[PDB]
A.B. asks: 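My structure is below; once you've seen it, I'll send some questions.
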Amino acid sequence: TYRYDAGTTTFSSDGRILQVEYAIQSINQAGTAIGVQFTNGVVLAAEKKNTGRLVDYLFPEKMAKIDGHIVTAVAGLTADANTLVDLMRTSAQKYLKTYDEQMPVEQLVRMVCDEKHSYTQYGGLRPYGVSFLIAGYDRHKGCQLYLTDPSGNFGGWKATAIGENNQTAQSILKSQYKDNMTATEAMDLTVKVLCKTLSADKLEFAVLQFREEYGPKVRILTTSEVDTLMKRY
Amino acid sequence: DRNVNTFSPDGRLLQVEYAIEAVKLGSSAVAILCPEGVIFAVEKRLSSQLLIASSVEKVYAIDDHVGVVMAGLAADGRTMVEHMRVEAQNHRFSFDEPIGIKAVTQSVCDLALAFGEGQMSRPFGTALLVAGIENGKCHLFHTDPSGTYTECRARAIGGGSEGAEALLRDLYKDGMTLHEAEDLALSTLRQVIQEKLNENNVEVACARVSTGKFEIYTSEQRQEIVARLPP
Amino acid sequence: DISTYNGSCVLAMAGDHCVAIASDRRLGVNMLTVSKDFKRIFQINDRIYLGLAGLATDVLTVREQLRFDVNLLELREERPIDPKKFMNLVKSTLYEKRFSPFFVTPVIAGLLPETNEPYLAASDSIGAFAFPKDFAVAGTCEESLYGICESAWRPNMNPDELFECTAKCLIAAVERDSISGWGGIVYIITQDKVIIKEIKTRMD
Amino acid sequence: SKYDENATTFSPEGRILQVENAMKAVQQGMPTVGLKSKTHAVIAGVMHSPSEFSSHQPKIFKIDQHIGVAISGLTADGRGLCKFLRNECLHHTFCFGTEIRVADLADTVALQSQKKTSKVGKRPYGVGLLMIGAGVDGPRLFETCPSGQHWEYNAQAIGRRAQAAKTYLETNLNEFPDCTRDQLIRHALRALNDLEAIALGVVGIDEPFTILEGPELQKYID
Amino acid sequence: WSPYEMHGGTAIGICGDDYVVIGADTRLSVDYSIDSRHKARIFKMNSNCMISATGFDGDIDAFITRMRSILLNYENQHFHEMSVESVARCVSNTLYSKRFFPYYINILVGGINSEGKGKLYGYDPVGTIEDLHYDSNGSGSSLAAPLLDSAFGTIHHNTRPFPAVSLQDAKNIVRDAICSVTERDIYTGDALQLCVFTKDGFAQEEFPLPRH
Amino acid sequence: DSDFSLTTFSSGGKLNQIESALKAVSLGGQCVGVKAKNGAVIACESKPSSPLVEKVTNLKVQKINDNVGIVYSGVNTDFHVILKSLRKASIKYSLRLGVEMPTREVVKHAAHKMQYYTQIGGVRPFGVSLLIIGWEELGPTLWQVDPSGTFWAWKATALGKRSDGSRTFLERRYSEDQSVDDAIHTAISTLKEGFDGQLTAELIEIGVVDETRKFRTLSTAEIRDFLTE
Amino acid sequence: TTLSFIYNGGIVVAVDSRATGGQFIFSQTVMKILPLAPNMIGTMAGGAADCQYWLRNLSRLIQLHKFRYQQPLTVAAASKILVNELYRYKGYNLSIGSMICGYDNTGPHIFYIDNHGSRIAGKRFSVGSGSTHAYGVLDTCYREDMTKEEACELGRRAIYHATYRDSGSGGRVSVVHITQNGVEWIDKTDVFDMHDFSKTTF
Amino acid sequence: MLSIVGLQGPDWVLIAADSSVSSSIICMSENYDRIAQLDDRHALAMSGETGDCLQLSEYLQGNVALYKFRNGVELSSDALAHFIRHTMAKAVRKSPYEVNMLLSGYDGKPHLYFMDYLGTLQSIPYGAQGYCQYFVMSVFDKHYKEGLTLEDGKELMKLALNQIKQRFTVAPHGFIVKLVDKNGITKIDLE
Amino acid sequence: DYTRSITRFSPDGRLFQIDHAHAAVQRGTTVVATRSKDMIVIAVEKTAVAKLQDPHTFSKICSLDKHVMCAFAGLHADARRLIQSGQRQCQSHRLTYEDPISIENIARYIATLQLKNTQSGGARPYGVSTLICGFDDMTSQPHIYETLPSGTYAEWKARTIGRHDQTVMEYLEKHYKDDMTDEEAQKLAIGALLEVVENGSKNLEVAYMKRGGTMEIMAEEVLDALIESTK
Ligand SMILES: *C(=O)[C@H]1N[C@](C)(CO)[C@](C)([C@H](Cc2ccccc2)NC(=O)[C@H](Cc2c[nH]c3ccccc23)NC(=O)[C@H](Cc2c[nH]c3ccccc23)NC(=O)CCCCC)O[C@@H]1C
């Protein structure tokens with residue numbers, strides 16, 4: 001009967017999928033996740049959703065390694081973000097299995113975004129209320145950072161920010177982001193943006209770095225590493 | 001709110017009636033059947049001069065002998081045309097004969113009510129005029145979104161359908177010639193449109209008994225009909 | 001036969017806190033030598049190596065399905081897969097195809113994460129895993145390796161001695177197997193480094 | 001009104017308002033009359049005329065060699081029901097080699113429409129049938145309704161103007177049983193006031209079901 | 001296990017300018033045993049054509065039932081009975097629809113087209129269609145085919161016009177060919193269903209055949 | 001049709017069915033968790049509907065596998081569904097990999113199932129929040145999984161009735177260097193604050209993952225000893 | 001025996017007409033050239049039912065494409081459609097040996113297609129049991145600059161020699177001459193008439 | 001089991017294939033291209049049933065094009081080789097592609113991959129599928145120098161193909177040889 | 001599976017979901033496709049990109065095939081799905097038919113995807129208008145079809161989609177010529193977009209497919225030269 005159906009995959013008078021717009025709002029009310037693309041790699045830095053003196057910072061709530069060459073930061077619902085992270089990991093491994101090559105970052109982004117968009121356009125199910133900052137490396141586009149939203153729309157960003165106070169982080173990145181940054185410089189910029197738009201415990205970091213011989217490596221900074229990075233700032 | 005399959009308290013399928021309205025919003029098309037064949041004349045609504053008129057097609061050759069002209073949603077009419085072409089070629093394959101005009105019209109109409117909810121989501125927003133040659137006899141049918149095909153001798157579908165019917169009521173006769181059928185179709189189209197009728201804004205076609213073929217008129221033939229028109 | 005279609009010879013061996021896993025380098029199409037650069041031993045992780053003896057087709061299919069599985073497991077669990085856990089993963093992968101088995105026999109040579117103890121896991125094509133403390137053998141040279149290693153293996157072989165028997169005990173087996181050989185490669189996984197020694201076998 | 005949204009929703013007075021809306025669709029169809037005799041059955045229908053230059057759309061259909069249906073309501077629904085009826089006839093002939101009975105076809109149509117009303121998303125057939133068939137069970141006339149029920153009639157009138165035809169049939173009801181095929185056709189024509197718009201399908205215990213229109217019907221128009 | 005019985009029996013079609021004569025033995029026999037002596041293997045399909053079938057009787061009945069249902073569907077959805085050409089194409093398509101589980105039956109579609117002309121179509125089990133003027137099917141097809149070739153010489157000279165015989169000359173050719181096949185084919189006999197499709201329609205005669 | 005999500009974003013970017021399921025959790029019986037240095041504890045108020053209830057027949061503190069145990073606050077029946085799913089997932093994990101499902105993997109599976117029911121159509125979210133205790137390489141770990149499928153680790157927690165006051169009480173009374181004994185005492189104390197009337201051993205269930213890495217549900221006798229110690 | 005060759009004057013497609021099951025000639029008048037499009041035919045070799053059904057289905061698909069799209073369907077396109085349809089039944093024991101011959105925008109084209117999925121473009125093909133004999137005639141007597149009569153006679157004679165030397169080939173040579181101006185059905189010539197009974201060597 | 005040969009050089013790959021297609025004992029065509037150019041960089045010589053090699057070639061070329069269009073980047077020679085191997089392994093498990101291939105490629109570096117019907121992927125300096133691998137290997141082995149000039153490579157490929165012609169009983173009427181290098185794939189004539 | 005009738009006729013005969021998809025297209029960025037006898041030029045306005053946004057490999061322009069360019073206006077993910085289907089279809093047409101898919105055929109396919117979404121229960125319409133352009137063959141005239149969320153498609157001498165479609169279309173009509181050269185078509189598209197872009201060099205991108213060629217992005221230097229020549 002669809003009496004209580006919300007018509008999730010239905011346009012609104014303005015031509016917007018209301019469920020996708022509300023998912024975007026949910027993201028904008030979530031912890032800030034900033035991505036900064038430096039010379040060889042990308043620094044992702046997210047605000048943990050679940051913090052407090054009684055919370056145990058054992059795992060990255062928002063940072064999720066997708067593959068040896070791709071890491072992600074989450075803004076919004078960490079649950080459906082985890083679902084899409086599982087799908088992204090499976091897609092990267094399927095690409096590796098098919099081609100014996102690490103999935104190009106844009107293809108993994110396209111896959112997760114096609115999942116999101118399939119939820120926005122078919123099935124009458126709510127969209128994934130998560131925005132991903134997918135940092136990655138591939139031989140084609142070098143090191144990349146992609147911002148993906150619940151609509152399934154993604155774009156490459158040298159630097160960007162999502163979540164709470166994402167506009168302030170974006171403005172700070174515009175003011176201070178420079179090309180050809182070093183890993184240290186980009187980490188400092190991300191820490192500065194996070195602090196200016198918001199504590200090491202609450203914050204989590206992940207540096208993708210491409211070395212010529214070692215390849216692309218994802219390193220999600222632990223509590224102690226993030227504490228050291230914050231104290232450096 | 002209510003399902004697309006809802007019957008109104010009057011007993012009308014609300015979505016079918018709304019699809020008929022969508023047809024009423026479509027380009028005017030007039031089919032005139034004469035003992036010498038049947039003629040489609042459809043308005044091509046050239047919104048811009050950069051619009052390729054040849055690509056804006058209401059007339060579709062379903063088969064060598066039968067064709068259709070659309071009024072309403074061009075894409076839904078395209079789906080109906082695809083079904084009709086598949087069914088005309090399937091009939092040619094299954095029975096080694098051209099599909100009957102009634103047969104292909106009924107085939108496309110059986111798809112009209114196939115919409116549902118809880119298949120298509122909605123009725124077709126296009127009405128068809130299916131004119132063809134079956135066993136050397138010219139047949140013409142009109143189908144509405146309800147899936148109700150009725151054989152016609154002179155029908156009009158689209159923007160000026162009511163006005164075209166009023167004009168044909170005292171302009172169409174059962175013993176006209178092919179030239180007279182062309183003149184009547186083109187005149188009815190001109191009088192039930194909001195633009196001038198030239199070889200570019202009109203698409204003409206004929207299911208001709210003489211050739212037993214549904215041929216869509218070239219620019220020269222449309223120019224000839226336009227020139228011969230008295231006004 | 002399809003099991004002998006690609007002649008294979010994989011030989012893991014236990015030393016003193018070190019494993020060896022050696023393989024013949026031949027890719028042969030039955031009696032034809034296609035290549036001498038075929039990789040049958042794959043690093044699963046820093047302390048797990050998988051020598052896949054059998055159909056080069058299934059060698060790559062199972063290596064890449066196991067890489068898929070291990071990469072997913074290490075992404076989800078954020079820790080390297082343990083040699084025992086990878087053995088169970090290989091067993092699951094091979095028995096998932098119980099009714100259409102891979103024509104590959106695995107030989108898992110690893111070091112246990114804590115004690116660095118050698119871990120050998122040899123199985124049949126469908127994941128029936130043995131856990132020899134001395135040596136695991138696989139491939140068309142299976143019986144040859146069994147005999148040579150049963151006589152040759154000694155406890156507490158250091159990486160040098162472990163490599164020496166892996167190489168000798170593999171050379172003897174491949175040089176009796178017509179379809180396997182054409183060079184050998186021995187990965188000696190010790191507690192701190194992996195030594196990949198390409199050994200000269202007969203090329204006939 | 002609020003209960004008139006689905007064929008699956010009963011009203012507080014135990015009614016399916018969408019079924020009644022499909023019924024009203026049938027009632028707004030062209031007049032259709034059916035008559036039954038001991039040996040012949042007839043369905044005469046004033047075929048709809050959407051325009052003066054449109055041949056009257058057929059409503060008297062040929063289903064089985066001894067079964068014919070007059071569809072009143074949504075023509076496309078009637079055509080889908082006729083495809084279903086052809087499937088049932090084909091399967092009965094396949095299974096048993098004999099022509100299915102019009103009573104069995106009426107039962108299948110009733111079941112199909114009842115299914116269309118017992119599940120959401122699917123809609124009652126806007127068409128109502130007058131199926132006449134002369135088989136082993138004799139001549140039988142059935143009015144199949146959108147709700148998913150059929151009524152066996154000696155005579156019946158459905159669609160618009162049906163009241164006058166129904167009264168005429170009631171007047172001559174007791175005559176019909178023994179009335180000859182020609183007499184039955186004449187009764188159907190009298191009961192069904194519009195000539196060319198009137199088709200008339202007649203079936204008999206011996207004769208197959210055949211449709212007469214205009215000239216073929218002139219001998220009985222009287 | 002073969003799902004057929006390869007029953008046998010011979011059918012012989014001869015088309016003429018205004019007729020088609022298909023004579024088929026009615027014997028239903030297999031493995032030196034006669035299941036039936038009068039099993040008509042020629043079927044009036046509609047007012048335009050008839051289908052003679054030889055081969056497995058279960059497949060004959062299945063195919064004839066399917067073709068009768070197809071022709072009934074055509075007559076309902078087209079309001080005119082399927083033409084002999086349309087029935088012939090339907091027979092080809094139906095036989096090919098079981099291309100990989102064939103009706104092990106040889107079909108002769110003999111009818112009258114809209115022009116009043118006798119149209120005969122021969123088929124193989126998988127639905128090859130030959131628009132021919134005479135054909136033979138069944139256990140005695142090899143016996144009868146040279147007989148029709150002699151009667152018409154079409155095989156001898158295939159580009160010469162078909163020397164169409166009188167309806168009674170075609171009936172006599174079919175009768176004589178069936179009698180010869182019966183004398184030499186053990187699976188042909190017990191009766192000849194000699195069906196003739198003309199403008200007048202379907203006319204069936206039964207002629208005794210040797211029952212040995 | 002069924003497969004339309006009844007959990008959908010509202011105008012404010014909030015899944016209102018998620019908040020409703022969290023409310024169902026907040027009326028679902030106080031459950032506490034406390035991470036010790038050498039283990040973790042999941043206690044919970046298990047006040048039966050009647051004394052005639054047989055406690056062992058429906059226990060909120062449950063074992064998912066040898067190393068992972070689970071308690072819940074919320075709807076008992078869909079907690080049992082989640083628990084069957086988690087035990088099945090850990091058995092599948094053992095079949096595939098020869099070891100019990102890791103604590104974090106059990107938590108991620110519970111979170112995935114809850115998120116699934118938050119997104120698929122025709123279903124409501126699970127009206128339970130799970131406190132899953134189990135060991136990992138780095139030490140004991142208490143985890144909370146919400147009806148939304150969002151999971152996160154805790155040092156101490158309360159989920160059910162009066163869980164805000166219980167969480168404040170844990171903030172005040174929880175310490176990092178607690179032993180399993182002290183974690184059990186802290187969990188019992190938190191239950192006492194979140195429970196009115198005499199808090200006895202039969203009215204609470206305690207599960208513990210201790211130095212042995214194995215999850216065990218303390219019997220009523222052990223709970224009595226802890227209450228009297 | 002079917003054959004089709006491109007020469008400077010167009011495509012000559014000559015087919016026999018013998019349908020032979022086992023050693024018995026079931027027909028000598030079977031049509032082994034099927035017109036697919038106004039400028040394109042398909043030849044039949046192999047299973048008669050398979051060849052005729054699948055060339056008929058290719059004709060249906062070509063007509064569907066023609067009505068659906070203004071873009072003309074090339075001979076390459078028709079051959080590819082047929083070979084994909086036949087590969088759809090790979091392992092179903094279909095037996096089609098066909099030549100999709102005809103003129104498209106790019107000129108003359110012959111594609112030998114078979115149930116095995118092969119699709120070989122060429123200027124000269126012969127399929128069927130007598131294909132080797134027709135090849136013996138074609139490869140020897142073929143000239144690019146033949147006349148229409150000479151090319152039709154070349155195809156006719158290749159089929160005739162195949163019929164003489166092949167038991168499975170016989171009947172009448174149906175010769176079609178495809179040009180840019182369409183498929184011309186030259187004639188059906190009884191190979192019995194083509195045999196030179198003055199000659200005694202064969 | 002048609003003869004396809006491959007010869008990887010320092011910056012090129014000469015990929016030859018039996019150019020003659022036969023219907024049983026009849027050579028239907030003599031210029032049949034069995035080296036399907038999946039890409040401007042990759043030529044896949046195929047050896048097997050003409051109708052399974054054609055279908056596999058069409059699928060692989062369509063998927064390479066789909067990868068190039070869907071993802072702006074092109075597949076690497078290694079990536080394309082592993083995709084082909086994935087296709088062949090899936091098939092052999094389900095419905096084997098009875099096509100043994102030599103994937104020559106140049107994605108900035110020459111690549112030659114032995115690719116049996118099963119899904120045996122092996123980078124090779126030279127190779128062959130069919131029975132010609134029994135005839136050409138030794139030739140290559142005896143005459144392949146590291147760093148061959150393209151003309152020395154053409155002479156070596158001519159040597160191998162003449163070995164096939166002279167010593168292989170089912171000797172191809174001829175070979176279609178393609179050079180896969182930085183300039184793409186070009187049909188070169190070995191003379 | 002979800003099969004709600006998302007797209008249904010309104011009482012006035014309009015499919016309001018198609019209207020909302022058109023609104024989504026309008027909120028999409030502007031594309032202009034122009035044709036010269038031997039060239040097709042698609043100029044798309046780059047969305048306002050900060051200094052932090054990578055401007056490469058995110059153009060709205062795409063190649064459905066070596067002969068088919070595509071550009072879109074509307075929801076980027078809807079258009080991504082449409083482009084994926086279109087590329088799969090171009091390869092599928094090559095598989096089924098050796099010939100490359102005609103621009104009419106591929107535009108029909110994409111518009112039929114949009115039509116199916118307007119007809120499929122539980123499927124939202126594609127909020128995307130697609131300018132699908134290319135050459136059927138070497139000798140075929142360049143084609144520029146515009147497919148709308150409704151699933152209707154029409155060929156155009158020059159067309160625009162997205163925001164400012166009115167203004168860009170007016171510019172095209174004022175400045176279109178029957179036999180424009182490659183340079184003239186490039187200038188037409190570039191100026192038509194220049195009228196409604198804050199910056200010429202930055203906000204504007206161009207991709208041209210010449211006859212017998214593939215999609216080709218304009219060089220920034222050559223694009224700037226053309227922009228300055230227009231101004
Ligand atoms: C060149 O030299 C010619 N050779 C012959 C053999 C032609 O006669 C072929 C190859 C030819 C192709 C063909 C195409 C179109 C029409 C007719 C013929 N092949 C045949 O004639 C085949 C031979 C045959 C027998 N069994 C097989 C199996 C696989 C492939 C080929 C064959 N004959 C047939 O297909 C029969 C034709 C036919 C027509 N009327 C019949 C009545 C009774 C029996 C057979 C009849 N059909 C069958 O054999 C069907 C068997 C079904 C069993 C369930 O053409 C080239 C040009």
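In listed order, ligands and their atoms are each counted from 1. Letters go in sequence order (proteins before strands), and every chain restarts at 1.
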A.B. asks: Does even one non-hydrogen atom of E/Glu130 get within less than 4.0 Å of ligand 1?
C.D. replies: no
A.B. asks: Which one holds for E/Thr128 and ligand 1: side chain close, backbone close, both close, or neither close, with close meaning a heavy atom under 4.0 Å?
C.D. replies: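 It is the side chain that gets close, since no backbone atom is under 4.0 Å.
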A.B. asks: I need the contact type for E/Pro102 against ligand 1. Using non-hydrogen atoms and a strict under-4.0 Å cut-off, is it side chain, backbone, both or neither?
C.D. replies: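 Side chain only; the backbone of E/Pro102 stays clear of ligand 1.
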A.B. asks: Less than 3.5 Å between some nitrogen or oxygen of E/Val126 and one of ligand 1, yes or no?
C.D. replies: no
A.B. asks: Just to be sure I read this right, does ligand 1 sit under 4.0 Å from the backbone of E/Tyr104, its side chain, both, or neither, counting only heavy atoms?
C.D. replies: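 Under 4.0 Å from ligand 1, E/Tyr104 contributes side-chain atoms alone.
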A.B. asks: Which residue and atom name correspond to the protein heavy atom nearest atom 50 (C) of ligand 1, and how close is it?
C.D. replies: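 The closest heavy atom on the protein side is E/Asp124 OD2, 2.9 Å.
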A.B. asks: Name the option, out of E/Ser141, G/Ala48, G/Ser169, that contains the heavy atom nearest to atom 37 (C) of ligand 1.
C.D. replies: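 Nearest option to atom 37 (C) of ligand 1, by heavy atoms: G/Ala48.
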A.B. asks: Which residue and atom name correspond to the protein heavy atom nearest atom 15 (C) of ligand 1, and how close is it?
C.D. replies: G/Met44 CB, 3.4 Å
A.B. asks: So between G/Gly171, E/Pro125, E/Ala145, G/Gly128, whose heavy atom ends up nearest atom 52 (C) of ligand 1?
C.D. replies: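 Result: the heavy atom closest to atom 52 (C) of ligand 1 is in E/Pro125.
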A.B. asks: With a 4.0 Å cut-off on heavy atoms, is G/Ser27 touching ligand 1?
C.D. replies: no
A.B. asks: Does one side chain, of G/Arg119 or G/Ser79, offer a donor that lies under 3.5 Å from an acceptor on the other?
C.D. replies: yes
A.B. asks: Would G/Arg60 pass as a cation-pi partner of B/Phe93, given that its NZ or CZ must be under 6.0 Å from the six-membered ring centre and within 45 degrees of the axis?
C.D. replies: yes
A.B. asks: Please state which part of G/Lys32 comes within less than 4.0 Å of ligand 1, counting heavy atoms only: side chain, backbone, both or neither.
C.D. replies: side chain
A.B. asks: Among all the protein's non-hydrogen atoms, which is closest to atom 30 (C) of ligand 1, and how far away is it?
C.D. replies: G/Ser95 OG, 3.0 Å
A.B. asks: Kindly say whether H/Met28 contributes a backbone atom to a donor-acceptor pair with the side chain of H/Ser23 at under 3.5 angstrom?
C.D. replies: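 Not confirmed, H/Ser23 side chain does not pair with H/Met28 backbone.
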A.B. asks: Can you tell me which portion of G/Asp16 lies within the under-4.0 Å heavy-atom range of ligand 1? Options are side chain, backbone, both, or neither.
C.D. replies: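 Within the 4.0 Å criterion, G/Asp16 contacts ligand 1 through side-chain atoms alone.
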A.B. asks: What protein heavy atom sits nearest atom 20 (C) of ligand 1, and how far away is it?
C.D. replies: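 Going by distance alone, atom 20 (C) of ligand 1 is nearest to G/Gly46 O, 3.4 Å.
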A.B. asks: Any chance you could measure E/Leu95, atom CG, to E/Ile107, atom CD1, to the nearest 0.5 Å?
C.D. replies: 5.5 Å
A.B. asks: Classify the side-chain pair E/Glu130/G/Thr29 by whether it contains a donor and acceptor separated by less than 3.5 Å.
C.D. replies: yes
A.B. asks: Determine, for E/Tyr103 and E/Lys98, whether the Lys NZ or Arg CZ falls below 6.0 Å from the six-membered ring centre while staying within 45 degrees of the axis.
C.D. replies: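 Yes, E/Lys98 lies over the aromatic ring of E/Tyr103.
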A.B. asks: Evaluate the 4.0 Å heavy atom contact test for atom 18 (C) of ligand 1: does a protein atom fall under the cut-off?
C.D. replies: yes
A.B. asks: Check whether any heavy atom of G/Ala49 sits under 4.0 Å from an atom of ligand 1.
C.D. replies: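 Heavy atoms of G/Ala49 never come under 4.0 Å of ligand 1.
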A.B. asks: Students should be able to answer this: which protein heavy-atom is nearest to atom 23 (C) of ligand 1, and at what distance?
C.D. replies: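 Checking every protein heavy atom, the shortest distance to atom 23 (C) of ligand 1 gives G/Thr20 O, 3.2 Å.
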A.B. asks: Please work out, at 4.0 Å between heavy atoms, whether the side chain, the backbone, both, or neither of E/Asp135 comes within that distance of ligand 1.
C.D. replies: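 Contact part for E/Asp135 vs ligand 1: neither.
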